[PDB]
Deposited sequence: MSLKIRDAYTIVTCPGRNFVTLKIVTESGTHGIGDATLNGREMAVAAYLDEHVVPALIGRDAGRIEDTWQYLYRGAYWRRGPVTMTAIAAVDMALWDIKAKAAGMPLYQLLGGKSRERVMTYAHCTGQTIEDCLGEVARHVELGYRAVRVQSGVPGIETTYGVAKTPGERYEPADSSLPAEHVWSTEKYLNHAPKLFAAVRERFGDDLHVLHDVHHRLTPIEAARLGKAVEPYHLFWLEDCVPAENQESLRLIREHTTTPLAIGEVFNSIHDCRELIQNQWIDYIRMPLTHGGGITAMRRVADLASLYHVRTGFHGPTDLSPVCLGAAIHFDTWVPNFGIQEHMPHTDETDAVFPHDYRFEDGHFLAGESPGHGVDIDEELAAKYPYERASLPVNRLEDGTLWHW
């Protein structure tokens, strides 16, 4: 199990993905997701030039040692590029270890804690009515949970969006009222605030939406300063989720220990892989916090498969976001996880159950694509 080859693959079967492959002398291989949306080539370079050469000859079985070697050894610690590179290695090594053990990953982690993995779907629309149409559509597909978003009346390179907080705050509660009126109380309803509020504005929104009993209100405020959550938590009983933009337990230790959130959203690809996220989930468990992994299209099927395995074992599972990948993406990344009746089921193949078709990946060259930015009506560069 000494490493004989390690290299990245960059491919764009509908959107960009970066993948790390590690191959042992014996021939067993593992893959890990290294995709960082809108900054993809920074991770590719971090891996190609600085990490991959150091992997050659290392014992692939030494997962923990390798994690610490890359984390501490980089000298400059934490960060999105850094932790995604480390996550990619970690995911590939856990893939290899599960294969060597002849077990699907969830078994190697401690076995199954649940029989299936609940997901939510994205329901979006220009008007509230448009959104309700999407909710009905996804309910018919078997989803037990939906994230709802609608437009606010009056509202390659980064697209430039315009934002008004005050108009959003007045309008948003009407969406949830309408969802409850049409679909009733049994449906789980989620909403993503996407970083745009100040804490007292989020406190106001949280209170306003209490009657509609949201599964969570997500990313209320930028949280580099973790104390930003305090005012929200002290003013509302609407459950709170945060963390898709985090990469370290150190981004959320205080959020969790002070009981300022209900769900932690940091995913495998950006959170330093299985090794690190086990520790985050375990810390969360002490405070009744549950996992809600970020699961957008910009995390590859490699992350999704590993996440479904993790979701299957972890005691404090909350929910798994599902944004379906394109057929082309699924073809590039064959996998054995299944979606049925609104839930994922983990694969039984040894490893995390995902592979990459390198020949096919090579047919979809990288295409630069950036995330949007958001400005206030006066032009102020805001949070998107």
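When the deposited sequence is numbered from 1, the segments without any C-alpha atom are 1 to 2, 158 to 176.
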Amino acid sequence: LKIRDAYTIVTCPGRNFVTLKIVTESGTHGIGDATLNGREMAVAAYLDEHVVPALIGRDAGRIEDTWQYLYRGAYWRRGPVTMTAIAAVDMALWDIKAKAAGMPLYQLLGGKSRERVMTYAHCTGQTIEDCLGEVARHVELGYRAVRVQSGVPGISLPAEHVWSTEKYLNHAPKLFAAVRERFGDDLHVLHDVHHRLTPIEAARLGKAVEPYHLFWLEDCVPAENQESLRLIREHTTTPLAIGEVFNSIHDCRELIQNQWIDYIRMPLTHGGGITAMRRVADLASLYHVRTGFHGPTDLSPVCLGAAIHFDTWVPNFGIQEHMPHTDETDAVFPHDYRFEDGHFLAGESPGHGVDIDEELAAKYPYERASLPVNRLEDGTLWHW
From here on, numbers count along this sequence of modelled residues.
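For the two forms, the rigid core is made up of the largest set of C-alpha atoms that agree within 1.5 Å on superposition.
Put simply, when the other structures in 7 other deposited structures of this protein are lined up on the rigid core, the C-alpha atoms of 71 to 79 lie farther off than those of the other stretch, from 71 to 79 and 119 to 127. Across the other PDB entries of this protein whose models span the neighbouring residues, residue 155 goes unmodelled in a third or more. Per the PDB record, of the two stretches 355 to 363 and 62 to 70, 355 to 363 carries the greater mean B-factor over its C-alpha atoms. Between 146 to 154 and 113 to 121, the higher mean Cα B-factor belongs to 146 to 154. The PDB entry assigns its highest CA temperature factor, among 224, 130, 90, 262, to 130.
For the set 136, 232, 98, 276, the PDB entry assigns the largest Cα B-factor to 136. Per the PDB record, residue ranking by Cα B-factor puts residue 316 in the middle third of the chain. Sort the modelled residues of the chain by CA B factor and residue 212 lands in the middle third. In the PDB entry, a CA B factor belonging to the highest third of its chain's modelled residues is recorded for residue 56. When the CA B factors of the chain's modelled residues are split into thirds, the value for residue 183 lands in the highest one.
Sort the modelled residues of the chain by CA B factor and residue 16 lands in the middle third.
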